[PDB]
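**Q** Structure provided below as structure tokens; questions to follow.
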Protein chains: 2
Amino acid sequence: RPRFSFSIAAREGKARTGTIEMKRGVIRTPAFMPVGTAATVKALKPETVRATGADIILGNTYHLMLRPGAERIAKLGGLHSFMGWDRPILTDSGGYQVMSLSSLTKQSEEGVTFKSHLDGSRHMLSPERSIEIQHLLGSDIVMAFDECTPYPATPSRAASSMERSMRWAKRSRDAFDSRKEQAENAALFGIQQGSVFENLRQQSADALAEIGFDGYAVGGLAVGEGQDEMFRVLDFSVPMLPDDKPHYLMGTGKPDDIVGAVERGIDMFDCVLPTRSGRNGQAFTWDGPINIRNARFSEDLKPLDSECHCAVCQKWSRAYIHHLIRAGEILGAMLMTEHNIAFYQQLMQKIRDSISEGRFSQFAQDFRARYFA
Amino acid sequence: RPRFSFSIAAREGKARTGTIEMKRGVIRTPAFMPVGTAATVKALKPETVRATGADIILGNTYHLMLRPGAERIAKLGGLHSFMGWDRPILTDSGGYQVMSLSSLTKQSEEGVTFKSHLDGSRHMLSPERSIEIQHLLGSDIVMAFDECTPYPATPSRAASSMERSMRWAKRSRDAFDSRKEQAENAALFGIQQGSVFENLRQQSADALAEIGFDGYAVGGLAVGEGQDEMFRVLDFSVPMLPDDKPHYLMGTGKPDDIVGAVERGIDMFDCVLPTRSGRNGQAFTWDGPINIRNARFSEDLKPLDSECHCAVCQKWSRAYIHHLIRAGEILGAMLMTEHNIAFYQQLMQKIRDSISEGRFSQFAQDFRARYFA
Ligand SMILES: [Zn+2]
Ligand SMILES: [Zn+2]
């Protein structure tokens, strides 16, 4: 396999289905990436993650650099070897979690210094250091390091952060390119910024395309603007990106967000929702989410979802999982997480098949009618 | 298969190896039973429990009667169906955990009333109610309900509690026998009491043999007396029990306790040690236990144990598991528990093979020399 090759097999409107070929494997798109925070997809062995249908997982650079440490992971043979996942891994840049989780952050044009939320140890991130950490982890898809824009944001602030992000995108590009092993074996994605402003989104897309990346994320969404606004921004933003590269919507999300984003040209997604909310009792079904902790499930012998092909739904009842979650049992988290990630992968498979067959519009309508009945 | 058939295939001194055949499966002895507290062996799917080599698991009646409830489990089809383990299950009587975990306990010749440690709801146990709850769960090996003797105990108190336990053993026998489905499909074990006193142990053995049970536990040990004393009591106590039935040492335990107890005629064991201590970082190895949290393991690429055949030791390093446990990750508990239970099953297999081959004395010596080096 090549370092990176994205091929589009079929289209319907703005929606696309295809494959990304990389050295460690093929990624079917549209793709959902389970999130591995600190070198584990929570409560699942890698073989179970694979069995659900995942082609690629995400690793969080911020968490990994704090624990167990990037240099340590490199010494031990890289993230794939460390955690036992041999397929592609996309790593985020670490920048967002610096903003959301760390303290004492000092920002500058050079990068950011911050104190760990774990022990108050001091750390630094910059375009160069983020790219280096992702190299040490042995990431297959490396994300450019950017500066996030909060919601809401004034036009001036959105412009300033977008402009800094574009300068940092060029720095990320050059850092990546200057490291032979990384440049020859991994891919680099840029991140479009500009908040909800069309002109800024256009300037950002232009800057990123001029630099040139293997893929393009739409950043700065799913941060409080709500679905209508997110979709409005996607409507004009995605067409600005190069058509022939993957489009990645960061930080989303809910099944309906995924379907609508695919309708608008997005190819890749990640979110903690199926893992995190699973551990909290939320199970996805084709008739909408349920909270398994609810008393109504205490004697319900049906599986979590009536159609789901996952191993959990073949073997255990709602009643049993209700008990496990209410009791705080680890097996509860294991079963909920496996089911939710399997559900997400089945959603992506239905999306891919429907686009391939030219019936994705009908699928989206049918999906919504039932999910929100 | 029959309701119950214990066959001894080989002996060496007081040690025995053989099989218990029951309707749901065959149990190889000496046997280690992983503990399922609230209808789950913590952090493991039943298929993983089976893959380690377990033939039978233990369920805790006290916990199950509180959550999710015995009647509820019966309504849902019984414990095997509920949790997805189709092989034999031994249930304890609930009495010990009433003493150790519950509050506001009122004891009488009839039984005990107590408040749940979970929500202060009021509950009752008696020989009759314990046997009934074990029936509702669908237990394969039912334990007689007894009255525990603390350590240390005066001769008078030890005698009184032993005598009550024997009266309760007869009540347990009659309750079990009066329920056709239970009598025809399950087995009933009696529990020898008498603290550290030879005459009381003899009286207890005599009473239990007169009533007649399918198996005999040595109760009242591993409660603070220490290994030397426990072994001293086993030395005279086990020969008092019927030779042709299984002998079960409750609440133990450490690998060296198991080996010495087998040397003294014990056939069955359970303990939370491999599961509980695993989640806390303790991993068993042939060179003794280690605590995986220790800094010395942070960059150790070796598996938990150099010889262990378990899936964990085939795939992941000490360094990775060290990270998971220190990070509080669920996968850490999963991997530690699988390894520890697999280690215990490999210990039992080595014990069975060595007795079968007439070299168990040598095995015990070699095991100790290395484990305590
Ligand atoms: Zn499922
Ligand atoms: Zn192992």
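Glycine gets a Cβ as well: all are built from the backbone with ideal geometry, and neighbour counts include every protein chain shown. Just so you know, all these numbers are worked out from the coordinates, no wet-lab data involved.
**Q** State the extension gain, in nm to one decimal, for the chain segment bounded by A:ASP243 and A:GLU299, taking 0.36 nm per residue of separation less the distance between their alpha-carbons.
**A** Numbers: separation 56, 0.36 × 56 = 20.16 nm, distance 5.06 nm.
The span from A:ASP243 to A:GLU299 would gain 15.1 nm if fully extended.
**Q** From the square roots a ≥ b ≥ c of the eigenvalues of the alpha-carbon gyration tensor of segment A:59-195, which class results: rounded (a/c under 1.5), prolate (a/b over b/c), or oblate?
**A** Working: a/c = 2.05, a/b = 1.36, b/c = 1.51.
Taking the square roots of the gyration eigenvalues as a ≥ b ≥ c, segment A:59-195 is oblate.
**Q** What do the square roots of 5 times the Cα gyration tensor eigenvalues come to for the protein assembly as shown, in whole Å, largest first, as semi-axes of the equivalent ellipsoid? It would help to have the intermediate numbers written out before the result.
**A** Details: eigenvalues 664, 154, 93 Å².
Ellipsoid half-lengths, sorted descending, are 58, 28, 22 Å.
**Q** Please list the helices of chain A that count as membrane-span-like by this rule: a mean Kyte-Doolittle hydropathy of at least 0.0 together with Cα atoms stretching 24 Å or more along the helix axis, each helix being a complete DSSP H run.
**A** For chain A, where a helix must reach 24 Å along its axis and average at least 0.0, the hits are A:330-356.
**Q** For peptide A:325-335, how many partner chain Cβ atoms fall within 10 Å of a residue's Cβ, on average? Walk me through the intermediate numbers first.
**A** Details: counts 0, 3, 9, 1, 6, 10, 14, 1, 4, 8, 2.
The per-residue average across the peptide is 5.
**Q** Still on this model: What are the nm distances, shortest first, from A:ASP174 to its equivalents in the other copies, labels at 7 Å along Cα→Cβ?
**A** Ordered by increasing distance: 9.3 nm.
**Q** On to the next question. Between chain A and chain B, with a rotation axis joining them, whose C-beta in A is nearest that axis, and what is the whole-Å distance?
**A** In chain A, the Cβ lying nearest the symmetry axis toward B is A:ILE330, 3.
**Q** In addition: Once the convex hull of the C-alpha atoms of chain B is built, how many Å³ does it hold per residue, rounded to a whole number?
**A** Values: hull volume 50.2 nm³, N = 373.
Value for chain B: 135 Å³ per residue.
**Q** Also, quick follow-up: Structure shown: which of A:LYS115/A:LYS254; B:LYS42/B:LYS75; B:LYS106/B:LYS254 lie over 30 Å apart, alpha-carbon to alpha-carbon?
**A** Values: A:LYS115/A:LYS254 32 Å; B:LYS42/B:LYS75 24 Å; B:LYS106/B:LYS254 33 Å.
With Cα atoms farther than 30 Å apart: A:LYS115/A:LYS254; B:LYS106/B:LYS254.
**Q** Something else about it: Using a 7 Å offset from the Cα along the Cα-to-Cβ direction at both B:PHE236 and B:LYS23, what is the distance between the two label points in nm, to one decimal?
**A** Taking the simple label geometry, B:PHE236 and B:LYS23 are separated by 4.1 nm.
**Q** Let me ask something else about it. Give a quick list of GluC sites (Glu not before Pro) in segment B:254-343 that DSSP marks as loop, anything other than H, G, I, E or B, with at most 13 other Cβ atoms within 10 Å.
**A** B:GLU307
**Q** Across peptide A:72-84, how many C-beta atoms of other chains are within 10 Å of each residue C-beta, on average? All intermediate terms of the calculation are to be shown ahead of the outcome.
**A** On the way: counts 4, 3, 0, 3, 8, 3, 0, 0, 0, 3, 6, 5, 5.
Partner-chain Cβ atoms within 10 Å, mean over residues of A:72-84: 3.
**Q** While we're on this one: With the label 7 angstrom out along Cα to Cβ, how close does B:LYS315 come to the same site in each of the other copies, in nm, nearest first?
**A** 1.3
**Q** Can you give the local net charge around A:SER116? Use residues other than it whose beta-carbon is closer than 10 angstrom to its beta-carbon, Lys and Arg +1, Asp and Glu -1.
**A** Details: positive: A:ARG67, A:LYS115, A:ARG122; negative: A:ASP119.
Surrounding charge for A:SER116 is +2.
**Q** Taking the label point as lying 7 angstrom from Cα along the Cα-to-Cβ axis, what are the distances from B:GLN365 to the corresponding position in the remaining copies, in ascending order and in nanometres?
**A** Relative to the other copies, B:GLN365 has label-point distances of 8.3 nm.
**Q** Ok, one more. Note down the net charge around A:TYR371, summing +1 for each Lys or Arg and -1 for each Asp or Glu among other residues with Cβ under 14 Å from its Cβ.
**A** On the way: positive: A:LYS254, A:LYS350, A:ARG368, A:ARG370; negative: A:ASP256, A:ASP257, A:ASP287, A:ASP305, A:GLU307, A:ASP366.
Residues close to A:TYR371 contribute a combined charge of -2.
**Q** With the crude spin-label approximation of a point 7 Å out along Cα→Cβ, what separation in nm comes out for A:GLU229 versus B:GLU110?
**A** Result: 6.6 nm between the two label points.
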